Structure formats: structure tokens, C-alpha cells
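The block underneath contains the structure these notes are about, expressed in C-alpha cells.
Number of protein chains: 8
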Amino acid sequence: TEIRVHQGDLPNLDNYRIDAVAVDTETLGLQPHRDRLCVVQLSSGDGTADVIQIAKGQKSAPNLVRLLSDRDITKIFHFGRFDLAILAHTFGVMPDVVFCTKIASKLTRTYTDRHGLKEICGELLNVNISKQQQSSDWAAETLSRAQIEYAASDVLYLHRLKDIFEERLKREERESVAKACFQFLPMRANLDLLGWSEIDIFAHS
Amino acid sequence: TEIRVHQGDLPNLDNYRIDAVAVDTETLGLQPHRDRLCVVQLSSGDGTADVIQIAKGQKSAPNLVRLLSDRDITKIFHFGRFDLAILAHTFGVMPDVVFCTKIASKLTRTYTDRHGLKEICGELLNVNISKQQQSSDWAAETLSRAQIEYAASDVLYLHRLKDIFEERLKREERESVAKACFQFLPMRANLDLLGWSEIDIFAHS
Amino acid sequence: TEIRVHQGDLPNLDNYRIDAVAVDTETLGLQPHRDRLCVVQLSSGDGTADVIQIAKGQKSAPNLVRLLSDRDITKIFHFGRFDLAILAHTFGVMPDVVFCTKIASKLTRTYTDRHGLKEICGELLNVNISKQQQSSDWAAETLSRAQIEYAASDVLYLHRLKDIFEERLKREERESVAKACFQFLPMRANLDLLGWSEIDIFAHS
Amino acid sequence: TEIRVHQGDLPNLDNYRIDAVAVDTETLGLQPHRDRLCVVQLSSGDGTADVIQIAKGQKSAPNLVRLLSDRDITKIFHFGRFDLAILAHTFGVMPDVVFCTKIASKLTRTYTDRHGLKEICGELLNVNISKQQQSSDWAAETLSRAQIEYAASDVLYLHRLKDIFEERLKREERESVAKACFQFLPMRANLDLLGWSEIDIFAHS
Amino acid sequence: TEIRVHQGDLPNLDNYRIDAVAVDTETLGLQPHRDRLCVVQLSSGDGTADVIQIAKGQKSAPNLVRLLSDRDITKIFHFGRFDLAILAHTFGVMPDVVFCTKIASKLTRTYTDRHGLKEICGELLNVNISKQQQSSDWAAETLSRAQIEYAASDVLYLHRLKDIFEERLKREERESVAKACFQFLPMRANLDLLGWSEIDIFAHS
Amino acid sequence: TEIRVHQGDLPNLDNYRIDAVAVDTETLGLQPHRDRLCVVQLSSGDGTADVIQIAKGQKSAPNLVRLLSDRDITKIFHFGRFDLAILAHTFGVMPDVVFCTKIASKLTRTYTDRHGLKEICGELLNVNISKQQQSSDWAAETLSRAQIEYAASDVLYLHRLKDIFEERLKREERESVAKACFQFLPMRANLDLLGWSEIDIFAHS
Amino acid sequence: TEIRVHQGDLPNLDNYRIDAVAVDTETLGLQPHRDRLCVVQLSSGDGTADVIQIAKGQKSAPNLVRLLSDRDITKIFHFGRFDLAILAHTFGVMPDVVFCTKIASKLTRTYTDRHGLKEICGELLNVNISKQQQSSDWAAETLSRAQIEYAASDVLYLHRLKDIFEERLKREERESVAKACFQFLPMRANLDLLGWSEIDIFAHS
Amino acid sequence: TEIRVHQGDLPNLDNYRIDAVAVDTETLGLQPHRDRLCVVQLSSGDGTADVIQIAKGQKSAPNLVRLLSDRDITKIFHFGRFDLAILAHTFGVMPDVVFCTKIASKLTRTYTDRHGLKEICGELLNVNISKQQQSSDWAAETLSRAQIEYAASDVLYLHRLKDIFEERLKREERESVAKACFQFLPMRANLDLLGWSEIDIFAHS
């Protein structure tokens, strides 16, 4: 596996002239107002990944933000509700063309109640992702090799999952449901940033 | 107050050449697959209401459905998540231009945790709605006068609430949030009809 | 209202040559193995009631038990799961032709979650039953007038409820469901006596 | 072990001229209105099994339904409350002669609170069933060998369990209790289909 | 009603040459190690009461302690588990001849789940005790008249309750159960003082 | 009662040359990052109050902030954990000489579990505060008379409570405990602003 | 290890002329009114055990009951609350000289919250008891060797535990507390048989 | 590793002329009023430890208390809320210069919810601490070698953790927050001793 590690931003977009890009983030925690973005990982689906270390207080990443803003490229996330929130909070741009594997799983893998990425990758691809490094110091000046490999493992498989989930959504005739959910997901993330992160806005109570 | 009671459908749309119509329903319960639609109430905001008794097994109401399908007329609901579901299940047409006072309350009345219609009407208008008839036999062949007055009371005030809530949403700069929520609300109702009524599709667990 | 109070048993069955009899009990508590049967109340539906005081250790009541065993007479209960259990535990005979207003309410009053006798009588008949004496010393040698009137009030209305509930069950096409539930109710009561009173025998867990 | 895999239906009933047949199903989930029947497995108890793949939208399976409707053949299930519901929803025929190993376990294995099939098979027969494939894509056009073996393992042992449970029910004198529970089980399943799947119809609250 | 208010101790025992004395306490709270004893109330059952104000840091009350230690006099409490604990903690003497109306209620008033003193007095005697002053500053140098009347009301009726409860215990044949419970109650209070106040020492977990 | 209503700030500090000032706030809700400060109320303890309407986006209030920063003047709050947070978030100055009636109540009113301002005022002073206006639109351009009177009622009594609580703290020898709690309270509020509002920082879990 | 298996009763008491006997039971479940006594195991502490199979409906075991009734012999149990209940229910004799290792553990092993027999034996003696057979069919006509060895393992170590716990109770000065708890334990078991098995008779609620 | 075991007290302070000392305790349980201090462990950070056995009823340890009272030496704890309480309760001196690794973890390891010492040591240092002996008889006259090694393992690493946590607190700019928390920690422990151990003194409820 090829993992290219960068400081601050991509050098250029030569490797990301594609129709869909897998995106994930790492942070110091679950609360975007307290816990800063530390790492962004990207993959074109070609079996390689880019891992971009974000500096404390960094407000801009022009090449990355160009990728995030381009409406002709679908951004694939797992539980994008969080990643969209932290990305918009950090760089000020909210992506609006997204696919979320957690929503897709909840709309298709109706035979289980376990929708985490580890379980999805295990069941659909028989690939074992080890989550031991998920809780680690992502703000370290130098990431360990184990950290880098874990960070890359989170984007290496999202394209294959998207392909399978699109097949399942077509088979079970839920394409318009998923499309509407993905269309609303950026506003769910914005609501999270504004202060309703603990509130189901559509619930009766 | 003028309450016109009809059987099956409106006679015509002469009274509903307006930009927004208040809509509510009554049913035999909270589960659209088990509990049939029994009454539909409408108001143009002029202080009068129409109460339409729906027969068992009735599949069509052409004038009402014409109103519900007209994209130039905003349908105002309180907790439209339910009403949209039961209306689409009964007549096969899902409205797509809606305003929901419960979502608006949750986005604006942040100083309270009580978002029911009774509390909203009491606080915003100092009008006391009595909910005693909410749990009654709405499938009766002949509705009582108390039932008819209660049913009318649920639509008589939605226009005034919409006006106030639009003022609050503009004041607190949440118009685009509310618009996106209202745009997603019909798909939330469809998800309810399809079997995810007990599932927050965006939650981590 | 006419309330005839008896010691031990009915003098005869001259007043109970009817197709359905309303039955209720009072006890020292909810656990038949600890809490003895103290009072049995009966009504033919003619606006009068019989209140039979049961002595401590009494094992037999031949006229009452003749009524309870007669398969040509439907026994009407409210929450018969309990009354059947305590009656079978006390006299050794389990009725097998029953109607239960709580099951009927749960199968028909789907628009509410309150299925107690007070709420049913209030909604369906606009009659106010006062439950203040429900928790009182039913084992007293001499019952107070308030106790006797309360005990009679629990059977005076069950016929009218049965008539209305049968109308609702026919209207909503649930007659065979109710019939099967009533057929199983005596075995649910037997299961209670045998030790599964806290167990839903049909639940997954 | 011999596992015969069929498409749509049994070719004939030559192998099922027997007094009792073990039956199980697999679906896309726990909610019959959303989650379609995908596989039906059968065994005569001779150590072989039939696994029948059900197509999307299939409404009829005449040989299977003939077996399911024949009152002279007892259908053995584990947690038949679910299987009866999905079978009746799919093919329109509700079996009325059934035996359920979960009810039997709850009536006899009173020394444990674990009544799942894995635990029952482990304790009563010392046979280890692996449930890893229980949550898998049962709607796949081609089932994997592991899926087929898992599906067969669920019916291969129900006859032996029925024999042991009948011995236990006779020993502890609960035969009439079990018989009444099995008689009510199809109506419990019907109640599930009608919308009371989350309601204990006999509970006080 | 006659209420004699004393500072520190009774002047003598001339009024307490009796077979049973009603006893209650008031404190600054539910935790004897933090919340000091402030008032002790006594009654002989003759319709009069003594209310003894206890000073901060007071370690001795010889006449009161003589009464508390005399094994020929039954001390009547309501929820004596607490009063015994605070009395033993304050004066160093644990009474060993006691009657508790809460234990008696739980052993006899099996038809209710409300065993507080207010409910018992209301049901058994039709006397309304007002608990408004229960949460008040009992450490005040001068108690208000309302406080004094409330404090007296808690002992004025315990003799009558004891008489009725003894009748009920005899009637239901639970005398030896109650006697054993009362014999253990002082050790339950000691266990509370030693640090097991939140632990059911006899529970499995 | 004299209530002086101001826009933006006090005109001067001529009325607040005192040793302690009662302070309270009103907001659009419980979350300082979402819900802006709308009203600040002050009282010198002389039976009059000042009610200062804060404009949207207002960042400065020099006379008020001078009062809040003056270390020679004790700021009295009820549940100052919140008020300190919203004041520091709005004007950028955290008071460091405070008294909190909720902490004082929890350290002295150990005989009750109700520590709200209404209950404290009722018990200690026999004054009835009506909280009906607590949940109202505090951002209105013009406050109603009822709103103004409610806002003033929250500061009119804090001096008298402080006097009584200081007496109780001296009597029960908890002065150094209270002093340390008040010294830590501003940092508890800062922790709230930083993102630990839902976390007991000292708990084991 | 020597395990003597008997049918119905001990042949004689020649091996049980001792000051303390370890006692345990096995049943069909936790509810003495439903779940019959199946096995009784005894040990004198000499490293051997007696396992007595109890027949269905057996009402008498004269040698065993002689042992159970002899006040000069302490009966050692683990969680005797249950064993005393089932023994008294089966043979009609309640032991009144008992020692319970669960009460002793709760009074001495204050540094842990795990008081089960497995954990106690592991910690105090470094002996590993395997509980796999705890949930098995104890009513089988012929017990398996594994069942017999498990049943014997439950009494083989109670003497050593009693010795250690008596040392701990003396060291921490809790002997009179334990003695009072053991004195009350038979009445706690009687209360269980009478119907208060789910009630803490000493709790406030 | 060098572990020096002492009885009662250190012989002298020759090894503890340092700027910071790691401190931990072992007790008979979590409740200082019931569960006595049994062991105190200390380390200077040089890879050696002192383990001091405390006798029952011991009130003084002059050299240890001299160390605990010296304001020029920072005492490092893990969850010092407990250790401070038990130390002050036993020897009457409350340390006032402390560092707590649990507070530091909650202020810095925001990417996890597991703040126990085992997890911290595993993540930050890759050192595996085995907690098997945590629940053991610490009051034994002679500690086992395994107990001594476990007790030493709890102080051997606190200096390294303090160094890392100080780096993290500086990096994330939370030094003044941590300092204020550490300043309040002794009063939190005092509040625990006084009776508020189960109360969040700053919570609204």
C-alpha cells in the first residue's frame, strides 16, 4: 500500500481528477467547538491514500478545499454527519455532494443492528480493520507508522462499499430515499454546528 | 366561528384560492398501517374551517388531493411528520411544499422544552386550546359538536403561528435551516411509512 | 340503585337466568397465593347488583360456582386475567366463556394509552366512577356503605361496555382476534397461578 | 449431511409424507411489512434438509403451502411467533397446528434465563450451532456454502428437541398449558401482522 | 391539644409510667453522620405530647435515655430504621423493644403501595396530617407554633395505629413474622450507622 | 416597587456604591454558544431594581462591566454557574468575587432536595415568586410589564437570602467549605464555556 | 474425592456427628412454589460429600430432617436465603442455627462488589470452581458424573470459608452484626415463602 | 525493581528530598468512614518504591505526615479525590499541593472515555499494569509478593504521566484550568468526608 503523508495541504490535484473521492477525518474528539481537526485522509480508490496533517490554528487548505467544494465530485464518508461538521467548522466550506455509508447501511443492512465501519468491512468484504489506534493522540507532531496505517485503512475501502451499497439500494428500490437523506445530511451537520447536536429535530419529543 | 362539515370531499376549491392553507388530520391512532384516517380539517386563515369526514376504505378525494398536490400553496401542519404520512398512505399523494410549526418551534423557542400545540398557542397568542377531545372516537358516523369544535380549533391558528415563526426565524437567522428541514420533512414521513418510524436515520446509534 | 349483600353465597339463581353476567372481585392484593378473595360482585345488567362477602378459608360457594361453570353464560370482566386467577385459586373452577373489557379496549380504543376502567367509563358513557375505596380493607367483617357502593359500581356498567365494544369490534373487523384472545385468557390466568405471572410467555426476551 | 437447494418451491411432496415437519425461515429483518421472506428451510427429521430460495415478489408456492396448510402435520418452529407472521404475510396461509421450542423451553427449562436456539442445542444435545451467518445477506441471488449450511443447521435438530420437550412437559405435567399456548400462537402472530407487535395484549400496562 | 415544650430533657418521668410510648425525631436530614438530631417528640397516648429541643453538641439526656433503655416499655416508631439510628448515634443507647408502623403496614396493608404516615393516618383513622412543615429549619433556636403542632401531630396517633395493626397482624396470622422483624430492626439501624445504609444485606445483588 | 429599565448599559454607577450587588440574567436558553444574553437585572438591596435590555450583537457595556470586574463588590447569584458563563461569553470578563444561593442551599438546607429559587424564597421568606414568565420571549424589542416585574423579582430578594445563608453557614461551621466552592465557581463556569458543561470533572465516571 | 450418592435420604447419621455441616441444594429454579427441590448435598468438612437425590413429591427425609433440626449443629450455606426457603417448603422444617457465606462476604469483603461463590473461592483459596453445570437438568433420573462432581464442589469448601470469615469478622469487630443477621436469616426465608420475595421489608420504598 | 517495605512509617526522609512525590493508598473499600487505610505507597520517581503497612487504629505517622504537609513538594495522585479523603481522615492532615492524573486525563485525553490508570498507562507508555490484586485483602498482616508488586506498580509511573500531561496541558492551553481544578481538589475531598460524596455540589440537580 502507498500512503503519501503531507503537511498542511495537497501539493496539487493531479491525482484527484476523478468522479468520487473517499474522505475521512481525525480529531481530538467528538465536539467540533472544542476538539480541533488533526488529520484528513483521502483516497481516489486506486489502492493508495493521502494523509494530510493539519496544523493547530490552520484556517486554509486551498487545494483540499477546492476538492471539497467541487460539485462534480461525490465525497464519500462513513458517518459524514461528523466529518462534514468538523470540515465546515475548520475551513468554512460545507460539501454538498455526499454519500454516507452509515445511512446506506441503515437503509440496506436491515438484518443487523451493528452499522460500524469495522462490522461493515468485515461482512461485505471480509477485510479486518483494527480500530486499536482510533483512540490515540492524533495531534502528535509526528504520527507513528501504526497511526498512519490506521488512518489510511479508513478510506481505502469506501469506494468498494459505495459500489455495493448502490447495488443494494437499487435492488431494494430505495434510491430516492437515500438521495434525499444525502441531500439533507449537510444541513444535519450544520444543525450540529449550531447547537442541536443532541436533538432529533424531527422527533415528537 | 363558521365550521362547514362535509362528507368525503370538498364540493369545490372556491374558498381555497390562497397562498397557504392550514391542514390537520385525525385518525384512530399513531400507526398509519393500522389506524385509518377519519377526519381532515382545513382552514384558509379567514377564521372559518372545513371539516371533512373520511369514510372507511375511501381511496380518493379529488378536490382535496388537488389542493394537497398544488406546489404553489404551502401546507401548514403541526408535527407534519405524522399528517404527511397518513395523508400519503390514504390518498397516495405526498405534499412537497410544507411548513411545520413543531420544527419551527424547536428552531426558535429554544427557551423551553414544551413544544406541543397547546403550549405554543398559549404562549404566543394567549389562546387556550382544550385537548380533552383529542382522545375520542373519531370514526363515529356522526361527530359530536364538541368533537367538531375541537377539530376546527387545531387549524384556526396555524396561519398566525406561521407568521410569528417566520418573524422569529428571520430575526435569529435560521431561515435556510428551516427551509432545508421542511424540504426533508416529506422524506422523513415516507421513511416512516416504509418502516423506520422508530429509527433516527442520522444517529450514530 | 339496589345492592343486595349476602354472606357466603347467593341464596339461589332465580335472578341469574340470563345470557351474560358481569363479574368482579376484590382481594387483599395482587398476589393470589398470598392475598385472599374477600368480596365477589355480580350483576345481571338490570341496574341492580349482588355483593357476596367471602369468609376466610371458605372453599365452596355452590350457587356462585354453578354460575361460574355454566358454559351457556358469558362472564364479563374488566382485566379478567386477575379475577379468573383468584376465582380459580379460591373455588377450584376456571371459567371458560369470558369477555374482557381490557382486551377489548386494547383492540379497539387504539387512540389512547389509558385503558383503565375509570377512563373507559368516563369516555364511553360519561359516567364518573370514584376509585377512592379501591385501596381499602376489604376483609373487614362489616363493609362500609361507601365500600358497598364502590363494589357495586364496578359491575353496574360492564354490560353496556360489552355492547359498545362488540359494536366496535364488528366495525373494525377484529371479532376473530378478540374471540381467540378471550379463548386464551383462562390459560393466561392459569399460567399466572402456576408461577409465570411476571413472564410474557410469547416474548423473545 | 444432504441439503437439497430449490428455486421457488418443492418439486413435489414425496419426501414429506410424515407426521411432523421442522420449519424455519430467513428474512431481511424483523419487520414483516418491510423485510421480505428470502429463504425457507424444511426437514423431515431424517438428517437431510431442503432449502428453498424465495424470489422477490413471489406470492405463491403451491407445494410448500400445501404442506403448511395440512392440519394432519405438526409444524415445528423455534420462536414461531415470527415465522408464522412472515409466512402468513408472504403466502396468505396461516398454519394452525404448530409446536414452538421457545415456548416449550420457557415452560420447562425454568433453571435458566437463556432460551435461544444455540443455548438449547448446546445444553440438550451437546451440539454447537454457529450463528455467525445469521446476520448476512439472505437476498443474494446465490447463497454461499456457509449460508446454506447455516440455514440447514436450524432445522436439522428441531425433531429431537420436540421429543425431549414433550418428555419434559409430560414429566412436569404442563401438557395442557403448552397445548393452549400453541393453539394461541397463530393468533399472536396475526396480532403481530395487524400492528400490535410491540404490545403485550394481556398486560395491565 | 396539650404540647409541653422542653429544653434538653424531660424534667422527670412522672407522665411516662406506661407500657408503651410513641417516639419520633426530627433532624437536619437523612444522614446521621452529617445531620444532627434537633427535636425529639414523645407521647403517652393520652392526647398530649412532649417536644424536647436538643442543643447542638448535646451528648446526654438522662431522663429520655432512661425511657429509651427501659426494656419494659415498647417504643413505637414510624420507620424506626431511621429514628433508631439517629438516637443511637446521638445518645449512645440503642432501644431494643420496638414497634414500627411502616413494617406493620407492609405486612398488613397489602392492598396498597403507599405506606407513608400521611396515607396510613388518612385511611385507618380519617385524620388529615399536613406535612408542609416536614422540610423546615428544625435547628432554629425558637420553633414556630406551626412547627410545634406538626411535630406533635407525628406522635399523637401512633398508639391507635399500633392497636389497629396488632388486630390486623393477629387476623392474618403474621404475629411471629412481625415480632422477628421488630427484633431485627435495631440491628438494621446499627448496620445503617456502620455504613451499609444503601445496601440490602440479604439481597442476592 | 421601583424598576428602572435601561437600554444597553447603566447611565452611571451612582446607585451601586455598595459592598454587594445582586445579579441575574435572562437568555434565549441554556446553551451560551447558541442562546444570546437578552436581559441583565441588578439590585443594590434597597427594594429597587435595574433591568438592562441587551441588544443583539452587543459586545460592550462599560459601566456594567466595571461593576462586574470590581473585586471589592460581591456579586450574588442564584445558580451562578450559568450566569457567570453567559456574562463571560458576552462581555469577556469573568467575575471572581461571587456568592451563589444554590451552593449555599445545598450546603445548608440539607433537610430538603428542592433547591430552586421559588422554593427557597417560599420557605425562608414566605414570599411567593411566580415563574410563569421564566419561559417567555426575552428577546422581544419591548418587554411586557409582566416580564419586567418577573425579571425584577429575581434580584429583589438575594441580599436577604445571602444574610440568612451566611447565618446558617456560620451556625453549621461550613464557612470555609462555602468559600472554597465560591472561589472555584468561576472556573466551573469557564469549564462550561470550554465544552465540559455535561461533565462532572471530579467524578470517577 | 469421595462422593456418596443416595436415593431419598441418608442411611444413617454416623458420619455427621460433628459441630457444623455444610449444606447446599439444587432445584428446577429460583421460585420455590413452582420449582421443586431435586438434590441436596452435604459435607462434614472431611473432604468427602454426600449427594442425595430427592424424588418428585417426596415429603419426608427423616435422617436429613433430623440433621436440619438439630440446634447443636450449625448449618453452613452460601446464600442461605434461598436454600432455607426451599428446604422449609419441601420438608416443613426451618433450620434456626445457620451461617451464610454471602452475608459474611458482604460484611467483610468490602473491597469488592463480587460476592458469588466462584469469586470467593477463587480469591480466598485459589480454587477454581466451574459453574458450567449450574444450569442443567437437575431432575434427571440419573445425574451425570459432571453433575455429581459439580454438586459436590459446592459443599467441599464451605468449612474453610467459614473459618476464614470468622477470622475476618473477629478482626473487624463485626461478630454481633453477623450473629444478628444469621439469627434473622430464617425469617427472611420465611418471608420469601409467604410472598415478599421481591420486597425489601426494611426499605423506605 | 526495588521495593522497600516498612511498618508504620518511613524511617527518615533521606530519599524524599525532591520536588514531587508520587502517592497512592490502599484501603478496605471506597467509604472512608467504614474502610480503614491499610497501605501507603510512595515513589520519588527513581524506579524504586516504598510500601508502608499501616496498623489498625494507627493515628500518627510523623515522617509520612511531614512529607504530606510540605507545601514545597507536589503530591501526585491518580484520582486523588479518594486518596486525599482517606489520608485526611486517617492522619488529620489534608495535602494542599496536588496533581491528579484523572483530572489531567479528562482535560487532555478528550478522544476517549476510558480514564482509568490501566488504560492511561497502556496508551501513553505501552506498559501493562495488571489489576488482578486490586480487590484483595489489603489488611492481611503479611502482604503477598504479588500484592507488594501490584502496590508498587501504582506509583512507579506517575512521574512520567505527570510530565506527559503537563506537556499536553501546555500544548492545548489548559494550564490555568488544571491549576484551578487541582486547587479545588482538596476541598472536594473534604466535602466527601463531610457527607456530600454522592452529590455534585455544582449541578443544577
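Protein chains in written order, with full-length UniProt numbering: chain A, 2 to 206; chain B, 2 to 206; chain C, 2 to 206; chain D, 2 to 206; chain E, 2 to 206; chain F, 2 to 206; chain G, 2 to 206; chain H, 2 to 206.
We treat Cβ as the ideally placed atom computed from N, Cα and C, and that holds for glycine.
8 Å contact criterion, which residue i and residue j should meet: CB distance rounded
i	j	result
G81/D	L186/D	6 Å
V24/B	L43/B	6 Å
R37/A	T28/A	7 Å
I202/C	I77/D	Actually they do not touch by this definition, with Cβ atoms about 18 Å apart.
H79/D	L159/D	7 Å
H34/F	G196/A	6 Å
Amino acids of chain B, ordered along the chain, whose beta-carbon sits closer than 8 Å to that of residue i
i	result
residue 1/A	A query on residue 1/A cannot be resolved here, the shown segment of chain A reaching from 2 to 206 and no further.
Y112/C	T28, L29, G30, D36, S136, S137, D138, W139
Residue i classed as buried or exposed, judged by whether at least 16 other C-beta atoms fall within 10 angstroms
i	result
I200/G	exposed
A147/F	exposed
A190/E	buried
residue 208/H	This structure cannot settle anything about residue 208/H, because the visible part of chain H is limited to 2 through 206.
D20/C	exposed
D47/H	exposed
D114/A	exposed
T102/G	buried
Selected residue, minimal CA-CA separation from residue i, among the options
i	options	result
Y112/H	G117/A, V94/A, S137/A, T102/A	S137/A
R67/D	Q8/D, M95/D, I77/D, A86/D	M95/D
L88/E	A105/E, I74/E, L69/E	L69/E
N16/B	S177/B, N64/B, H90/B	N64/B
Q8/C	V156/C, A140/C, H160/C	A140/C
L14/C	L125/C, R161/C, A62/C, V99/C	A62/C
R5/F	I19/F, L162/F, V41/F, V99/F	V41/F
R161/F	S145/F, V128/F, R175/F	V128/F
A86/B	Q32/B, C122/B, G46/B, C101/B	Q32/B
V178/A	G196/B, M188/B, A181/B	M188/B
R72/A	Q184/A, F92/A, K171/A	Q184/A
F92/D	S45/D, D84/D, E176/D	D84/D
Under 9 Å from the C-beta of residue i: neighbouring residues of chain H
i	result
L69/F	Correct list: empty, because the minimum Cβ distance to chain H is about 19 Å.
Contact list for residue i against chain G, beta-carbon separation under 7 Å
i	result
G196/C	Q32, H34, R35
Within chain C, partners of residue i - CB distance below 9 Å
i	result
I104/D	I202, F203
Partners in chain E for residue i, counting only beta-carbon separations shorter than 9 Å
i	result
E124/F	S136, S137, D138
Closer than 8 Å to chain J by CB, residue i
i	result
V22/H	Among the protein chains of the structure shown, namely A, B, C, D, E, F, G and H, there is no chain J.
Exercise for review: Give a yes or no on contact between the stretch 43 to 59 of chain B and the stretch 127 to 134 of chain B, applying the rule of three or more CB pairs nearer than 8 Å.
Suggested key: no
**Study point:** the stretch 158 to 167 of chain A / the stretch 146 to 166 of chain B touching (three or more Cβ pairs under 8 Å)
**Key:** no
Point to revise | Segment contact flag, the stretch 56 to 65 of chain D with the stretch 104 to 119 of chain D, C-beta cutoff 8 Å, min 3 pairs | key: no
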